[PDB]
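Each chain, letter by letter, is given below.
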Amino acid sequence: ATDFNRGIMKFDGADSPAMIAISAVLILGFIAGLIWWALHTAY
Amino acid sequence: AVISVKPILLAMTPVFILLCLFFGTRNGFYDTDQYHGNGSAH
Amino acid sequence: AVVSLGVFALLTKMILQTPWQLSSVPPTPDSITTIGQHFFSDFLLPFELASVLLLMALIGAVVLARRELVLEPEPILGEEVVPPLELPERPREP
Amino acid sequence: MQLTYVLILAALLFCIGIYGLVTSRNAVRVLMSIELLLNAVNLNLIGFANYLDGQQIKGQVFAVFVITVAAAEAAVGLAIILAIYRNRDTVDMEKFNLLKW
Amino acid sequence: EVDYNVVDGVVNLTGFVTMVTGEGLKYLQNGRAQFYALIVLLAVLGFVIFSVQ
Amino acid sequence: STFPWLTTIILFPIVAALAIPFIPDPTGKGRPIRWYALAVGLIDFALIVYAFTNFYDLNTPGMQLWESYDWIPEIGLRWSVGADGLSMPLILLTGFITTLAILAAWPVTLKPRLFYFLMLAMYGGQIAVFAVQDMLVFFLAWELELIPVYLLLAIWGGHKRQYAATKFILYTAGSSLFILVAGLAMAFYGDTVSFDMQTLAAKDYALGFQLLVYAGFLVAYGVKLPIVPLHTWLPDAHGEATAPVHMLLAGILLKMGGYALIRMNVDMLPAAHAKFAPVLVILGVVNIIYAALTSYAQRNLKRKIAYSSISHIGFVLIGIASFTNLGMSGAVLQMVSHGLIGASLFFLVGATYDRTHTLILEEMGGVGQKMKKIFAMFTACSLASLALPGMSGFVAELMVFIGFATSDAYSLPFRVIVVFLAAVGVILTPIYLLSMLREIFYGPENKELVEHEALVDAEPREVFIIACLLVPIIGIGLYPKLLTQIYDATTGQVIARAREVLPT
Amino acid sequence: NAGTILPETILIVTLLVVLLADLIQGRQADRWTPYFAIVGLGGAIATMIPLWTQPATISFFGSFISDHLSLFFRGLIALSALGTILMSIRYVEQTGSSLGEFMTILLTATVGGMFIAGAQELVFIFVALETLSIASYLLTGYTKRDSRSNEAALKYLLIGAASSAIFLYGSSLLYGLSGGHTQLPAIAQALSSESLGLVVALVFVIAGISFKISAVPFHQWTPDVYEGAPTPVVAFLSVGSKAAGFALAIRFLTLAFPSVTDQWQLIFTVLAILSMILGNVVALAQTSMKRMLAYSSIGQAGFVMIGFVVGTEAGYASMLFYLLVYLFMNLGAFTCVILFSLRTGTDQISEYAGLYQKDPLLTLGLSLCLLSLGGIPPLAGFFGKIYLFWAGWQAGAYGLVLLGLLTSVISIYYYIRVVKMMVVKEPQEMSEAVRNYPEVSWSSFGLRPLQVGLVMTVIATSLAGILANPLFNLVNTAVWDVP
């Protein structure tokens, strides 16, 4: 994440590996939560 | 009344071909400064 | 010692339980002529290939065991340096 | 003496040469154990020819050709032993492991 | 960062557990041709129990 | 009509690239090899127009260049080609972009005998994907652009070429095998062992069998068309590439995974499509929201629009999985629009990198003061990817929104949430495209200008490639029936073959 | 009835003329004795075409068959020695060893291999397997002073003479399980009960049958021999002594055991799923060029066994077409291994780097033969793998073709690693031949046979998939005479 943190508007401060896993379970859970929504709410 | 694609594609094709052969001859910056050199994105 | 006693325990199970169809005919009617009649009727093509096998075994085992006294320091040619009587892929560490 | 006692003798001679193939450390004792294997398949074969189909002995012809190949497998084989010994001055099967991986 | 590390970590793990697999079976051969004769004779004992039932 | 047309168009750049090692006069770099590849790329595109304006015979469902030659009767594979409405725009698009991709490959002097060989091998090998009506020749043509696009990245690329080239060749050859797995599963179903795409579409398969074939094809086609779980191969190989290699990558090769979704997952597999269409529009929206944020979170210039190519792909999945004659018309339109928009954008990234040599976008700023025609074309090309009306990037996305929430397939609580979530990309695409324009060209704060970026210019040939790419961008944006009339009758048979399946 | 062994007895005669010329002329015969063996191999190839029209007689008192399957494999082994002699005309002539003495042992392995393909007696199978095996131990240690070829001639001896004794104990049991009956058609008429004695006789013979084709529990000799042996011998045992083990396995496991058939089709799947995995994942961790092609031949063997375990008319046609195009992939790759080992020493990977500007005919030959070995279109090994998975999907076997495809992508990564260090490395990244390449001539001794064995092989590698339809009909006629 050293090259991702260039001297522009990035580097918010939450690039820790404790934040990587807790951002994964929300992002990948929203896709899977919409997929399981999709097979029941559509028809 | 529909504008069909075939008469305007057949009319723009020889305009497209003879301009690619012309615009290749007229070019700059890839022959004089050319600090990219051989490796086109290195 | 495990596998050697294991193959023997395999085969003694195999030899004993197999019904062998042994024939009750009189054997060996002068069994030097029935083995020479077999070298030229049934086993004829194995018999001629045994000569080419023996000739090859005399070619190869001589050239693998003879003394290199003809020309031992013999650098015949070179594109890069290759030792005599050795494969050109030279050993190296990566 | 039945057929069964010959094949057990040939099977026991097979596993003695099998044990000599894996446990021997001199490279010549490995070749001597190969001759134990090629005589196990000959003792199995003449017993198969004496008791089964002994009128036209096809096993004793086949037992001849195993003796001829093992004569040529040992002559070729001992020229390989003499080829290593000229370069690697021992005959030790725990010392030829340079083409390992 | 969930792209570069999580779903890119699975792709760089398929290529990692295959490189360290070939570097584990590389040690299956170690010279000592008695050991090569052992695996030949063990697999003979394997296939005669595996195929009789 | 008796002459082999599509067989020639496929096999002409392949047989003519063999004359590239025999081209004389190697006076320095390869100048006659460079002119030879443009000479064959132009006259092969003219064969596509000659086969179109004389022998395509539009508003006719079915292939009209159908030439089924026998190749191997023992396996059952035939050299069967043909251009229907799902193929002929992308065949015309492939002949148009790759002709400019040779013209974009003018500053390459590294290995010019090797460059124009592989780019012409991709020119014969990309038309061969949309044209063949077979399976074992389709899997041939799908993996025909496997080696020449590997070497186009591994030799003429940025830094971390070898990571980008070997990750790509392992990700697509490791996913093209499912075209062989599912293509052989369909051909051995039943009793007829035919491999052509016509008989394999008309064959009736079980519903449990089709769900395995649909899952096999979605792994195979979710890689090339970047569906967002299987998309990590893209921004490395799209981030480390030259401008002419990238116009074949994002312009054409991404559309082969979208061509085959309409061809091999809707035509041949209609009952598995209906059971797993709502997962595609979920994956199609989250193709847009993931990639447009990741475009905003990235500061590498070549990697920013590389992720933007994934976001414009996300409107195709909503167009395919909507069962609408206007929704599917917006899916094929999005493949042609983004192919022209991306190849115009990615040509200018290699033009901007040729003057500044950074791509980091922090040391840039005030580039538009030095060069003016590049910034004038970088703005108008990025404006087309804003879904701006008057350009084809808008009407490709307009038909998807209208085509989704008028369909009598999904329920009303599902259709509002998808249209509301897919319209977040309407907000999200001006976030990063305009921030890329601002932090490169707008501003007084220039670079060091003594060590890096000592030169600045704008070649008149680079103006022509952009200006001739904006004619089908704007010209479809002012009349979208110019391209819809190529596939108005074929999409009407693709959707109506799935209209018979939807009560399920 | 000795008109059916004419392709083998022409090779018997020219085996003796190149032997006596070494004795008569004494190393002045090495200028012509390779080219006499080429037309001796070519005259033995050209007499198989009048034998193709014959209606498959069984000559020599029922101990030799002259079918189309026996003639197809006879041409594959004769082409294997034809490609080897075009390689070793300079290779062993540069080590200082005798050239006529090499090609005598090379032709005894050829006629020993060619007699395996048509043998039907238990003794003629073993005799011809012996003179193929005995001749090949002399060829892997022919240089005789390396401590690598001498170490490879030893490991191949103490496994080769061992596995031919496991093969004999299963062959002697087949003489005893029947009432005599050394012939394989007479074996099947006597034994059909599928007893435990037939099982041990089946396992014992595929410890030597699957030793020539190098399946993983019997493959251990292959990566150690193939880096110690002379590279033309490495080129010979991968298509000549490997197809001869495949010529045996069709003639043996279908004629001697047509009753017991679901057992050796269960063992050879284990031999396939192990050699496709361990052939292709261990070739990733290889640095030597001859060692990468060593695990390749173990890995490409598992692709041939895909068509062998399905047991269909297209399955046996899939393994014969793949073995035919396999000769055009190994002998074109091994030609470039030799042609790189003759210009510079130390033929290994990360020493080919910086090429394609100094030896462009070597890199065009080595890439197009290694890319085809990975099975990429439109080369010959792509179509060869396509027909293996088409015949694999035809009758069950859905996990073999999935493992055949997943290990084909692992196959791609180490083949493209060599194409990486030939054409994509910059000219500031070459270790050997850094202005050290000898500026190729094609005018020295034996380089012009080395070049024509490269040009006519890559042409047979690039065009054998597009023009596969004559080869698909030549192969499918060799399957109707297989039970």
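Residues numbered from 1 in each chain as written, not as in the entry; some residues may be left out. Chains lettered and ligands numbered in written order. Part of a larger assembly, values for the part shown. Heavy atoms only, no water. Residues with missing side-chain atoms left out of burial classes, pairs and counts.

Going by the annotation in the PDB entry, the name recorded for chain D is NAD(P)H-quinone oxidoreductase subunit 4L, with Thermosynechococcus elongatus BP-1 given as the source organism. The UniProt entry for chain D carries the following text under Subunit (unreviewed entry): "NDH-1 can be composed of about 15 different subunits; different subcomplexes with different compositions have been identified which probably have different functions." Chain D has a UniProt comment under Sequence similarities (unreviewed entry) that states "Belongs to the complex I subunit 4L family." (UniProt positions renumbered as here; feature names shortened; annotations may be inferred.)

Per the PDB entry, chain A carries the name Proton-translocating NADH-quinone dehydrogenase subunit Q NdhQ and comes from Thermosynechococcus elongatus BP-1.

Colleague: I keep staring at the overall build of chain A and nothing clicks. Help me out?
Modeller: Along chain A, the regular secondary structure elements total one helix and zero strands. Oriented by its inertia axes, the alpha-carbon framework of chain A measures out at about 50 × 20 × 15 Å. For chain A, buried positions account for 16% of its 43 residues. Total accessible area on chain A is roughly 3000 Å²; 72% of this is exposed by carbon and sulfur atoms. (Helix = DSSP H or I, 4+ residues; strand = E, 2+ residues; numbered from the N terminus. Buried < 20%, exposed > 50% of the residue type's maximum accessible area, 1.4 Å probe, protein only. Areas by Shrake-Rupley, 256 points an atom, 1.4 Å probe, with all protein chains shown as cover.)

Colleague: Before we go on, may I ask you to explain the overall build of chain D in this structure?
Modeller: Check the secondary structure of chain D and you find three helices and zero strands. In sequence order, the secondary structure elements of chain D are arranged as α-α-α. Relative to the globule expectation of 13 Å for 101 residues, the C-alpha radius of gyration of chain D, 17 Å, shows a markedly less compact shape. Sequence separation of at least 24 residues holds for 58% of the intrachain contacts in chain D that already meet a minimum separation of 6. (Rg over C-alpha atoms; globule rule 2.2 N^0.38 Å. Contact = heavy atoms within 4.5 Å.)

Colleague: Would you mind showing me how to read the interface of chain E and chain D here?
Modeller: One frequent convention defines the size of an interface as the accessible area lost when the parts assemble. Each partner contributes residues to the interface: chain E has twelve residues there, and chain D has ten residues. The contact between chain E and chain D buries some 950 Å² in all, and 65% of this surface belongs to carbon and sulfur atoms. Three residues stand out in chain E for area buried against chain D, namely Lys26(E), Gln34(E) and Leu41(E), and they jointly supply 51% of the buried area on that side. For the pair chain E and chain D, the number of links is one residue pair in polar contact. (Buried area = accessible area lost by both parts, 1.4 Å probe. Polar contact = N/O pair within 3.5 Å; in protein donor to acceptor, adjacent residues only side chain to side chain.)

Colleague: I keep staring at the pairing of strand β2 (residues 77–81) of chain F and nothing clicks. Help me out?
Modeller: Working note: regular strand, side chains alternate between the two faces of the sheet. The element β2(F) is largely enclosed, with a buried count of four among its five residues. Between strand β1 (residues 67–72) of chain F and β2(F), which follow one another and run antiparallel, lie four residues, and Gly76(F) among them has a positive phi close to 105°. (Pairing = 2+ DSSP bridges.)

Colleague: When you look at the interface of chain G and chain C in this model, what are you seeing that I'm missing?
Modeller: Facing the 65 residues of chain G at the interface are 45 residues of chain C. Residue assignment for the side of chain G that touches chain C shows that the elements contributing at least two residues are α1 (6–24), α3 (68–94), α4 (99–114), α5 (122–140), α6 (149–177), α8 (196–205), α10 (222–228) and α15 (315–343) of chain G. When residues in the side of chain G that touches chain C are grouped by element, the largest group, nine residues, is from α5(G). Within the side of chain G that touches chain C, the residues separate by chemical class into 29 nonpolar, 24 polar and twelve charged. (Nonpolar A, V, L, I, M, F, W, Y, C, P; charged D, E, K, R; others polar.)

Colleague: Even after reading the chapter, I still don't get the nonpolar core, so can you show me in this structure?
Modeller: Ranked by internal contacts, the top residues of the largest apolar core, which has 523 residues, are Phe138(F), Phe73(G), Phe252(G), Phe257(G) and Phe268(G). The leading source of residues in this core is α15(G), at 22 residues. Those residues in contact with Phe252(G), other than ones at most four positions away along the chain, are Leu122(G), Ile125(G), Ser171(G), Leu174(G), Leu184(G), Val205(G), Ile209(G) and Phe257(G). (Core = buried A, V, L, I, M, F, W, Y, C linked by side-chain atoms within 4.5 Å.)

Colleague: I tried to follow unusual backbone geometry on my own but got confused; where do I start?
Modeller: Negative phi is the rule for most residues except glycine; trans is the rule for most peptide bonds. In this chain, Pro377(G) is followed by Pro378(G) through a cis amide linkage whose omega measures -5°. Take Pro378(G): it is sitting in the loop between α16 (360–374) and α17 (380–394). You will see that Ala387(F), though not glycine, has its phi angle at about 50°, which is positive. When you line up the elements, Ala387(F) lands in the loop between α17 (373–384) and α18 (392–404). One non-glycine residue, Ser147(G), adopts positive backbone phi at about 60°. With respect to the element layout, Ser147(G) can be found in the loop between α5 and α6.

Colleague: Explain the arrangement of the chains here, please?
Modeller: Summarising the chain contacts, eleven pairs of chains touch, and the pair with the most contacts is chains C and G. Separated throughout, chain A and chain G approach each other most closely at a C-alpha pair spaced 26 Å apart.

Colleague: What is the right way to read the packing of α16(G) against helix α19 (residues 447–462) of chain G from this model?
Modeller: To characterise two packed helices, one gives the angle between the axes of the helices and the distance between these axes. All names here are of chain G. Close contact between α16 and α19 brings their axes to 10 Å; oriented N to C, the two are set at 40°. Judged by the inter-axis angle, α16 sits oblique to α19. Pair α16 / α19 crosses with left-handed handedness. Of the residues in α19, those in contact with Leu361, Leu364, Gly365, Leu368, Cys369 and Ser372 of α16 are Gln451, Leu454, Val458 and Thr461. (Axes fitted to C-alpha atoms, helices over the stretch in contact; angles between N-to-C directions. Parallel < 35°, antiparallel > 145°, perpendicular 65-115°, else oblique. Left-handed = near helix turned anticlockwise from the far one by under 90°.)

Colleague: I'm lost on helix α1 (residues 2–17) of chain C in this one. Help?
Modeller: Residues spaced three or four apart along an α-helix face the same direction, because each turn holds 3.6 residues. An ideal rise of 1.5 Å per residue puts 22 Å on 16 residues; α1(C) measures up with 23 Å between its terminal C-alpha atoms. Of the positions making up α1(C), those classed as buried are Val3(C), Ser4(C), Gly6(C), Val7(C), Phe8(C), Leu10(C), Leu11(C), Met14(C) and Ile15(C). The elements touched by buried residues of α1(C) are α1 (3–23) of chain D, α4 (33–50) of chain E together with α6 and α8 of chain G. (Expected span 1.5 Å × (residues − 1).)

Colleague: How should the side chain of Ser178(G) be read in this particular structure?
Modeller: Considering the arrangement of structural elements, one finds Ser178(G) in the loop between α6 and α7 (184–190). Reaching out from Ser178(G), the side chain makes a polar contact with the backbone oxygen of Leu174(G) at a distance of 2.7 Å. Those residues within four positions of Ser178(G) in sequence are excluded, and the remaining contacts are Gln21(C), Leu52(D), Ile187(G), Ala190(G) and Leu191(G).

Colleague: Got a minute to help me understand the packing of aromatic side chains in this structure?
Modeller: The geometry of an aromatic ring pair comes down to the distance between the two centres and the angle between the two planes. Residue and element names in this part refer to chain G. Tallied over the full model, the rule gives 70 aromatic pairs over all chains. Here the aromatic rings of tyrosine 387 and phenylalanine 472 are separated by 4.7 Å at their centres, their planes lie at 50°, and the arrangement is tilted. Of this pair, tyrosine 387 sits in helix α17 while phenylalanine 472 is found in helix α20 (residues 468–476), placing the two residues 85 residues apart along the sequence. A single burial state applies to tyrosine 387 and to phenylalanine 472, both of which are buried. (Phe/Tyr/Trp six-rings, centres within 6.5 Å; stacked < 30°, edge-to-face > 60°.)

Colleague: I tried to follow the pattern of salt bridges on my own but got confused; where do I start?
Modeller: Side chains carrying opposite charge are able to pair once their charged atoms draw close together. Inspection of the entire model under this criterion finds 15 salt bridges over all chains. As a salt-bridge pair, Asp8(E) and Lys167(F) come within 2.5 Å of each other at their nearest N and O atoms. In this pair, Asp8(E) sits in the loop between α1 (3–7) and α2 (11–14) while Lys167(F) sits in helix α7 (residues 161–187), so the two residues belong to two different chains. Residue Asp8(E) is classed as buried on the basis of its relative accessible area, which comes to 4%. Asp70(F) is paired through a salt bridge with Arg78(F); the nearest N and O atoms lie 3.7 Å apart. Take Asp70(F): its relative accessible area is 47%, and that puts it in the partly exposed class. For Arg78(F), a relative accessible area of 33% gives the class partly exposed. Bridged by salt links that share partners, the residues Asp8(E), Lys167(F), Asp236(F) and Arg303(F) form one connected network. (Salt bridge = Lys/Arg side-chain N within 4 Å of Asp/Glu carboxyl O.)

Colleague: Sorry if this is basic, but what is going on with the side chain of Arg299(F) here?
Modeller: Relative to the elements of secondary structure, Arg299(F) occurs in the loop between α13 (278–297) and α14 (301–320). A polar contact of 2.4 Å, which involves the side chain of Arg299(F), links it to the side chain of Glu439(F). The residues contacting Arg299(F), other than those within four sequence positions of it, are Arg6(A), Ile8(A), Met9(A), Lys10(A), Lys304(F), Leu359(F), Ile360(F), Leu361(F) and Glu439(F).

Colleague: How should the environment of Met399(F) be read in this particular structure?
Modeller: Residues and elements named next belong to chain F. Along the chain, the position of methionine 399 falls in helix α18. Among the residues examined, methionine 399 registers a relative accessible area of 10% and is labelled buried. A sequence separation of 87 residues divides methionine 399 from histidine 312, and the C-alpha atoms of the two residues are 14 Å apart.

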